[PDB]
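Colleague: Need coordinates for the following:
(chains A, B, C and D)
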4 protein chains.
Amino acid sequence: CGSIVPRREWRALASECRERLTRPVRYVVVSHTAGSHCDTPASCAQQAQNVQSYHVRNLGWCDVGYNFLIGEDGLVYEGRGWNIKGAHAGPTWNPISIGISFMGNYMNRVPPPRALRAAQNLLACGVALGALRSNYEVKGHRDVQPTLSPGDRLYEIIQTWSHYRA
Amino acid sequence: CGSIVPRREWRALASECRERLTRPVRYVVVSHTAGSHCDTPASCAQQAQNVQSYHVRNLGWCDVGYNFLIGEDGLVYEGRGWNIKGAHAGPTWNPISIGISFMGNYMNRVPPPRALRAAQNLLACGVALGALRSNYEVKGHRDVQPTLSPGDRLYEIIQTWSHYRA
Amino acid sequence: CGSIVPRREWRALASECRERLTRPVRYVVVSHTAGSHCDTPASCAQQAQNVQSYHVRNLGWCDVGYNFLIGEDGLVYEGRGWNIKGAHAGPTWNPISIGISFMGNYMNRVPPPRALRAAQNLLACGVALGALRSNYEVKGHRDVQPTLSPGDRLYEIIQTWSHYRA
Amino acid sequence: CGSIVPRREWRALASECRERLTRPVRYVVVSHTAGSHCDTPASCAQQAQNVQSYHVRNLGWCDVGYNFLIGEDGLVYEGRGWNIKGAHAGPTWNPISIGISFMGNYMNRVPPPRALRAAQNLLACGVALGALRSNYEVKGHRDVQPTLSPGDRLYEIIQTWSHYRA
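Modeller: Numbering: from 1, shown residues only, chains lettered A, B, ... in the order given. See the structure here:
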């Protein structure tokens, strides 16, 4: 499912993580990187590679902090995966939720449909694989931590989502 | 299911096709367009147009000839869709089969992983929807017509698929 | 040749099968159905209706698997016929054989002599048309797949035939 | 898990098969051998020799067809095992399944409780080994192939199971 871009396909550094998730998982956290945005597979690969580099080389972590990244090229970029605990929402949230992030600042712009599809397509692919539980619940980043993520424009959009719950 | 690019989004001429396919469909025929390859959501939307254009405007079909198209961008472009009859492998095979075409000439080139993932993941969405038989059979275009389609390289890769019977 | 009962006469569902045998075929493979038997054309047409139904409804196949079916009514029923490959004895033998089945279970019964005649003649006819080699070889279902088919009593018998090869 | 009579111990011929399954496997096809049955370690180790002999001497195969076998003595016998592709349910299911095979004929006859535990256990093992999926599906041989296997009484039983799915 999900037509996800493998970690090795974006030249991603070998994860060093261990902590697993209590799947089937209940919560989902939509963030934004707030970095540079990309719209081509070649440019979007370089960007998740770049997000990782900052989380691993500089911030110290075992792997890129999100479970999955969504590019404006329409493709879902693999981070920690369906099983390995996140690093996106704080210690209350990281072990009970798959975090996903859109590549770009979405304060004063919206993400293309092809990403928002790819986002939903993924979440379905979650249930399908069994990592998400059938009636998964979706939160914005600002719901669960003091933060301007996931961007003013993207925030409203995910509020009107089938599986959303405030 | 699926991250399929809908017709609106690639700017497609409205279909005048009404003839249907009896669900569930048994077969799937893999072709190439033997044309210019694209590899960005934008450039691949234009390629979808160019193909359909040649099909409606020159050959005089009700729509683009294929049911779906696969881009080297890693996206599925919607054509005649799941329920409508195609025009991609002559008249014995057209009424009993879904035709998918990779956008390119694959005689000396391979489609990248993401093309092949999107196609395969589509077929699974087909199965899941009940539009394909769960025991569907993938055929080469050159198996069911005397063509070079879907190109020597791509032909080899579809042969390795779970569901390939010649 | 042929006093074979055609498909339309026993009220067959239409074959979705399309792959073709090379003529002249070299091998014939004798199976039984291991089901109930029949001795009227009104039951032996119902029987082949039910045998096809098993294969197309439950197994989800394209058509009844056998190329023809021999009834104890004394008549041959047209399955896939001479030209379409059967799904009767696995994928080595299927494309180099005609597979005929006796509607009944011949573990604890011989097929009545009219049913034997029916089968023997079918082959005779076959050779005349060019659909079998003049020196075709007969196997039993157990000789090429692990099965009790065509039944002990019927296996005894077919071992006596001119064209048999152990 | 454990407690499986190895090939060496029932005195199998050297396997020549090379084609491997992909783990974890989804489907399990219960069959029967259809012949006479055993209820002692030495009678059953003989039984499996009789069987393999047939499949390797008479049918010219690389090895015994079934991935495993289940004597009424209470013990599992190694076949092709978890990692090698079977030859027990046609070119369709053989590459996506584990073929277990009760030794006997179970048309009017149940296997004894200890043969049913031997099998139920072998599967949990396979799950715990990551050889099978945790949501594996248990098909009858008759559910996927034209046959009476695994016998009208054993089939009745397998239908009751947690992981049965026609």
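
Colleague: thinking residue A:43 is in contact with residue A:73, fair?
Modeller: Yes - the pair formed by residue A:43 and residue A:73 meets the contact definition of CB atoms under 8 Å, at 7.3 Å. (Each C-beta comes from the backbone N, C-alpha and C, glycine too.)

Colleague: between these two, which one's more packed in?
Modeller: Residue environment comparison for residue A:43 versus residue A:73 gives the larger neighbour count to residue A:73, 29 against 16, counting by other CB atoms under 10 Å in any protein chain shown.

Colleague: Next, the closest residue to that one other than its chain neighbours: secondary structure please.
Modeller: The spatially closest residue to residue A:73, leaving aside those adjacent along the chain, is residue A:44, at 4.4 Å (CB to CB, 6 or more residues apart in numbering or on different chains). Of the three states, residue A:44 takes helix according to DSSP: H, G, I helix; E, B strand; the rest coil.

Colleague: Residue A:44 and residue D:105, how far apart?
Modeller: With the distance defined as CB to CB, to the nearest Å, residue A:44 ends up 60 Å from residue D:105.

Colleague: quick one, which of the two is more surrounded?
Modeller: Shown here are residue A:44 and residue D:105; by other CB under 10 Å, residue A:44 has more neighbours (24 against 20).

Colleague: In contact with the residue in chain A that chain D sits nearest to, which residues?
Modeller: When distances are taken as CB to the nearest CB, chain A approaches chain D most closely through residue A:130, which lies 7.3 Å from it. If a contact means CB atoms under 8 Å, 6 or more residues apart in numbering or on different chains, then residue A:130 has A:23, A:24, D:135 as its contacts.

Colleague: In helices, which of the residues you listed fall?
Modeller: Of those, none are assigned to helices by DSSP state H.

Colleague: for chain B, what are the nearby residues on chain A?
Modeller: Taking CB under 8 Å from any CB of the partner chain, the part of chain A that reaches chain B is made up of A:1-6, A:9, A:39-42, A:73-75, A:112-114, A:117-118, A:121, A:124.

Colleague: if you set the cut-off to 10 Å instead, what comes out?
Modeller: Remark: the part of chain A in contact with chain B comprises A:1-6, A:8-9, A:39-44, A:71-76, A:112-122, A:124-125, A:128, using CB under 10 Å from any CB of the partner chain.

Colleague: Can you report how many residues lie near the closest residue to residue A:27 other than its chain neighbours?
Modeller: With CB to CB, 6+ apart as the measure, residue A:97 is the residue that lies nearest to residue A:27, at 3.6 Å, once sequence neighbours are left out. By other CB under 10 Å, the residues close to residue A:97 number 24.

Colleague: can you give me how far whichever helix in chain A runs longest is from the chain middle?
Modeller: Across chain A, the longest stretch assigned as helix under DSSP H is helix A:113-129. Mean-position distance between helix A:113-129 and its chain equals 11 Å (CA atoms, centre = their mean, to the nearest Å).

Colleague: Okay, buried residues for it please.
Modeller: A:114-127 (16 or more other CB atoms under 10 Å in any protein chain shown).

Colleague: Mind listing the shared neighbours of residue A:43 and residue A:73?
Modeller: When contacts are counted by CB atoms under 10 Å, 6 or more residues apart in numbering or on different chains, the set common to residue A:43 and residue A:73 consists of A:103, B:40.

Colleague: What is the burial count for residue A:16?
Modeller: Residue neighbour count, defined by other CB under 10 Å, stands at 9 for residue A:16.

Colleague: List the residues that contact it.
Modeller: Taking CB under 10 Å, 6+ apart as the test, what residue A:16 contacts is A:56, A:61, A:62, A:63.

Colleague: again, 7 Å this time
Modeller: With contact taken as CB atoms under 7 Å, 6 or more residues apart in numbering or on different chains, residue A:16 is in contact with A:62, A:63.

Colleague: Equivalent analysis for residue A:63, please.
Modeller: Residues in contact with residue A:63 (CB under 7 Å, 6+ apart) are A:15, A:16, A:17, A:56, A:79, A:80.

Colleague: out of those residues, which is most surrounded?
Modeller: Once you tally neighbours by other CB under 10 Å, residue A:79 ends up highest among these, having 30 neighbours.

Colleague: give the contact list for that one.
Modeller: Residues near residue A:79 by CB under 7 Å, 6+ apart: A:63, A:64, A:66, A:67, A:68, A:69.

Colleague: could you redo the last one with a cut-off of 6 Å?
Modeller: Residue A:79 makes contacts with A:64, A:66, A:67, A:68, A:69, as judged by CB atoms under 6 Å, 6 or more residues apart in numbering or on different chains.

Colleague: right, and the first one touches residue A:55 too?
Modeller: It stands for residue A:64. Yes - with contact defined as CB atoms under 6 Å, residue A:64 and residue A:55 form a contacting pair (5.2 Å).

Colleague: Neighbour count: those two, which is higher?
Modeller: It is residue A:64, of residue A:64 and residue A:55, that has more neighbours when counted by other CB under 10 Å, with 31 against 18.

Colleague: now the most centrally placed residue in chain A, what's its secondary structure?
Modeller: Among the residues of chain A, the smallest C-alpha distance to the mean C-alpha position (CA atoms, centre = their mean) belongs to residue A:100, namely 1.4 Å. Per three-state DSSP, the local secondary structure of residue A:100 is strand.

Colleague: beta partners for it?
Modeller: Counting by DSSP bridges, residue A:100 forms beta bridges with residue A:30, residue A:68.

Colleague: ok, now how distant is it from residue B:114?
Modeller: 19 Å.

Colleague: ok, now residue A:93?
Modeller: Shown here: residue A:93 relative to residue B:114, a distance of 31 Å by CB to CB.

Colleague: for residue A:16, same thing?
Modeller: Using CB to CB, we find residue A:16 at a distance of 26 Å from residue B:114.

Colleague: again with residue A:50
Modeller: Counting by CB to CB, the gap from residue A:50 to residue B:114 is 19 Å.

Colleague: Need the nearest residue in space to the residue in chain A positioned nearest to chain C, chain neighbours excluded.
Modeller: Ranked by CB to the nearest CB, the top residue of chain A for proximity to chain C is residue A:128, at 22.2 Å. Distances taken as CB to CB, 6+ apart place residue A:1 nearest to residue A:128, at 4.8 Å, with adjacent residues excluded.

Colleague: okay, now the one you found: neighbour count?
Modeller: Counted with other CB under 10 Å, residues neighbouring residue A:1 total 17.

Colleague: do the same with residue A:152
Modeller: Other residues near residue A:152 come to 14 when the count uses other CB under 10 Å.

Colleague: Got phi/psi on the residue nearest to it when sequence neighbours are not counted?
Modeller: Counting by CB to CB, 6+ apart, residue A:107 is the residue found nearest to residue A:152 once chain neighbours are left out, at 4.8 Å. Backbone torsions of residue A:107, given as degrees, to the nearest 10, read phi -80, psi -50.

Colleague: Please report the distance of the residue nearest to the centre of chain A from residue C:121.
Modeller: 70 Å.

Colleague: what's the span of stretch A:128-136, first residue to last?
Modeller: Start to finish, the residues bounding stretch A:128-136 are 12 Å apart (CA to CA, to the nearest Å).

Colleague: which residue ranges form the strands in chain A?
Modeller: Along chain A, the segments classed as strands by DSSP state E run A:25-32, A:68-70, A:76-78, A:97-102, A:132-140.

Colleague: outside of the third one, which residues touch it?
Modeller: Contacts of strand A:76-78 from elsewhere in the structure, counted by CB under 6 Å, 6+ apart, are A:2, A:4, A:5, A:6, A:7, A:48, A:68, A:69, A:70, A:71, A:118, A:122.

Colleague: one more time with 7 Å
Modeller: By CB under 7 Å, 6+ apart, the surrounding residues in contact with strand A:76-78 are A:2-7, A:10, A:44, A:48, A:68-71, A:118, A:122.

Colleague: Please apply the same query to the fourth one.
Modeller: Where contact means CB under 7 Å, 6+ apart, the residues beyond strand A:97-102 that reach it are A:25, A:27-33, A:66-70, A:86, A:88-89, A:111, A:115, A:119, A:132, A:150, A:154.
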